Amino acid sequence: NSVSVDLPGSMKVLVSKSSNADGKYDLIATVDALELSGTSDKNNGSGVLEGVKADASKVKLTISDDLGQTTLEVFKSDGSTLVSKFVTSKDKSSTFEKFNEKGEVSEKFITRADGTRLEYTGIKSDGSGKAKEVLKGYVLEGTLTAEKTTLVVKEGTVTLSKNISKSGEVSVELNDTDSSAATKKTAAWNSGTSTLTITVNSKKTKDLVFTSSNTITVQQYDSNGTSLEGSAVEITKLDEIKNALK
């Protein structure tokens, strides 16, 4: 009769085993206790399913042609003003967006494949908002502008800024307002190694590596400031970032 097809986000869609006189396949799924239905000219479980809630809100599930992504939209009763959208990928990454009354994004929660999160709240029409990055062991706080996301850690007169572009590219900078050259921190970012090298009084002191696993490691230099010693150690809490900035 039907074939159950496994989709991202542990969702399932039933597809008819064979096509009708028009060559089309029937699709059925149950999402959040609502039965959705649709038809497709493909036999693999891809296509669009729709349902209508008790309250007249319209639900639409779109399964991409290669089954790599699901988009689950809830609309107002007009079928066009978004209330929410979940987009889930095969790799386990996802996005959840909430919309305001004009159907424009007001909150956006990104879950990466590794389970870390980037959370945008209080999003305004000017593109600004509040940002929080949820990592293994700790969270970073900052802001969103149209230009970029900037997460900030302050320690004494030092400010560490972790910038994330719209496409997820990380760059990091440091500024210290310390008026003494004996203690003022400066830093160089190397985009090629995702590493921030801190210097104090003309001696390199530490490398902070911002890894592809969304972690930070720290490693110290020798007293002459030209050779790394020991091994890189993973930072496990915000206070350990602050320690590296002292």
Side-chain angles (χ1 to χ4, degrees), residues 8-9 48 57-62 64 68-155 157-177 187-192 194-196 208 210-216 238 241-242 245:
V48 173
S57 296
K58 305 294 189 285
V59 177
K60 185 191 293 195
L61 171 62
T62 304
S64 66
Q69 176 189 96
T70 57
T71 301
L72 182 65
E73 290 170 308
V74 177
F75 298 94
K76 300 291 193 73
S77 59
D78 59 18
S80 65
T81 306
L82 280 167
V83 173
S84 63
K85 187 191 296 184
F86 288 91
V87 183
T88 309
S89 299
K90 185 181 185 169
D91 71 4
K92 299 193 299 186
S93 69
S94 65
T95 66
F96 170 44
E97 288 167 302
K98 291 188 171 197
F99 298 76
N100 61 23
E101 288 76 11
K102 287 173 86 167
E104 302 170 353
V105 185
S106 55
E107 299 190 338
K108 184 193 296 180
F109 302 92
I110 303 168
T111 305
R112 305 197 182 102
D114 74 358
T116 62
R117 300 165 63 94
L118 196 56
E119 306 185 342
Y120 296 103
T121 58
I123 301 171
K124 311 295 182 176
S125 62
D126 64 14
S128 68
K130 190 197 202 167
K132 181 191 296 184
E133 191 176 25
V134 180
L135 300 168
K136 180 184 74 178
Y138 57 93
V139 303
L140 303 174
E141 303 280 347
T143 59
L144 168 73
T145 66
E147 196 200 341
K148 62 189 181 184
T149 301
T150 302
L151 305 159
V152 175
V153 179
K154 293 178 172 285
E155 172 59 33
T157 48
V158 176
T159 301
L160 181 63
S161 297
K162 179 187 177 182
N163 298 304
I164 309 178
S165 73
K166 290 288 197 208
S167 61
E169 189 173 20
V170 174
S171 61
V172 185
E173 60 186 295
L174 177 153
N175 191 56
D176 188 354
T177 62
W189 178 248
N190 185 356
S191 298
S194 200
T195 300
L196 187 76
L208 286 182
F210 290 75
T211 74
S212 62
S213 297
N214 305 116
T215 67
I216 304 168
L238 181 65
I241 304 174
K242 293 178 173 265
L245 302 177

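All residue numbers in this chain count up from 1 along the given sequence. For the numbers below, each heavy atom of this structure counts, side chains included, while hydrogens, waters and symmetry mates do not.
- The nearest pair of heavy atoms linking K76 to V83 is CD-CG2, 3.6 Å.
- Between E141 and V152, the closest side-chain pair of non-hydrogen atoms is not below 4.5 Å.
- Considering OG1 of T71 and CZ of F86, their distance stands at 12.0 Å, rounded to 0.5 Å.
- Put simply, the side chain of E133 reaches to within 4.5 Å of the side chain of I164, judged on heavy atoms.
- Scanning both residues, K166 and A146, for their nearest heavy atoms gives CE-O, 3.6 Å.
- Contact annotation: the side chain of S77 approaches that of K58 to within less than 4.5 Å [non-hydrogen atoms, C-beta and beyond].
- To the nearest 0.5 Å, atom OG of residue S57 and atom CG of residue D78 are 9.5 Å apart.
- Atoms CG and NZ, from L144 and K130 in turn, are 13.0 Å apart once rounded to the nearest 0.5 Å.
- Considering every non-hydrogen atom in both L118 and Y120, the closest pair reads CD2-OH, 3.0 Å.
- In terms of modelled atom types and a separation under 3.5 Å, the side chain of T150 and the main chain of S161 share no donor-acceptor contact.
- For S213 and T215, the side-chain atoms include no donor-acceptor pair closer than 3.5 Å.
- Counting only N and O atoms by type, the side chains of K154 and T159 include a donor and acceptor under 3.5 Å apart.
- Looking at heavy atoms from C-beta onward, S84 lies in side-chain contact with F96 at the 4.5 angstrom threshold.
- Side chain of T145 to main chain of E147: a donor-acceptor pair is present (N/O by atom type, distance under 3.5 Å, no hydrogens or angles).
- Between the OG1 atom in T95 and the CD atom in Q69 there is a gap of 8.0 Å [rounded to 0.5 Å].
- In this structure, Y138 and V153 have side chains that are not in contact, with every pair of non-hydrogen atoms separated by 4.5 Å or more.
- Closest non-hydrogen pair, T116 versus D114, comes out as OG1-OD1, 2.7 Å.
- By the 4.5 Å heavy-atom criterion applied to side chains, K242 and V158 are not counted as neighbours.
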Worked check of side-chain contact (heavy atoms from CB on, under 4.5 Å) between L135 and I216
CA-CA 10 Å; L135 300 168; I216 304 168; 5.7 Å; no
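- You'll find the side chain of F109 reaches within 4.5 Å of the side chain of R117, heavy atoms only.
- By the neighbour-count criterion of 12 heavy atoms within 6.0 Å, atom NZ of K108 is sparsely surrounded, having that number or fewer from other residues, nucleotides or ligands.
- Across all non-hydrogen atoms, the minimal contact from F99 to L82 is CB-O, 3.3 Å.
- Sparse packing is recorded around NZ of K102, with 12 or fewer heavy atoms of other residues, nucleotides or ligands lying under 6.0 Å away.
- Nearest heavy-atom pair across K90 and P8 is N-CG, 3.8 Å.
- To the nearest 0.5 Å, atoms OG (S94) and CG (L72) are separated by 11.5 Å.
- Looking at heavy atoms from C-beta onward, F75 lies out of side-chain contact with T81 at the 4.5 angstrom threshold.
- To the nearest 0.5 angstrom, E97 atom CD is 9.5 Å from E73 atom CD.
- Without hydrogens or angle criteria, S106 side chain to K98 main chain gives a donor-acceptor distance under 3.5 Å.
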